[PDB]
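1. sequence unknown, structure follows:
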């Protein structure tokens, strides 16, 4: 997965360094949904995932499977 830093939906240069796609799943009683995000490093995506769950205001059991680079939040 590639990520562009120009927002031109086109990969060219460092944008072709190699990114990582992750599936962010939020399981909440009041907030339930799913999504996906790509980042250069799981570190960046992590902060994105943590920011996402926080944006939902849902917190509980956080579980991630590197087998599919997917995170699920159980409230």
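-> Perfect, I can see it now. Numbering: from 1, shown residues only.
2. For the residue most central in space within the chain, give me its contacts.
-> Nearest residue to the geometric centre of the chain (C-alpha atoms, centre = their mean): residue 37, 3.9 Å. Residues in contact with residue 37, defined by C-beta atoms under 8 Å, 6 or more residues apart in numbering, are 21-22, 24, 45, 48-49, 52. Where C-beta positions appear, they are placed from N, C-alpha and C, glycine not excepted.
3. Surely it is in a strand?
-> Yes. Counting by DSSP: H, G, I helix; E, B strand; the rest coil, residue 37 falls inside a strand.
4. Show me where this structure has its strands.
-> Here the chain has its strands, by DSSP state E, at 20-27, 32-39, 61-65, 70-74.
5. so which of the ones you listed gets nearest residue 2?
-> Among the strands of the chain, the nearest to residue 2 by C-beta to C-beta is strand 32-39 (7.9 Å).
6. Report the separation between the residue nearest to the centre of the chain and residue 29.
-> 23 Å (C-beta to C-beta, to the nearest Å).
7. Kindly report the same for residue 65.
-> 22 Å.
8. what does residue 11 give?
-> 39 Å.
9. Name the residue in these two with the higher neighbour count.
-> residue 11 (16 against 8; other C-beta atoms under 10 Å).
10. OK, contacts around residue 47?
-> If you count contacts by C-beta under 8 Å, 6+ apart, residue 47 has none.
11. Right, I'll call it a day here.
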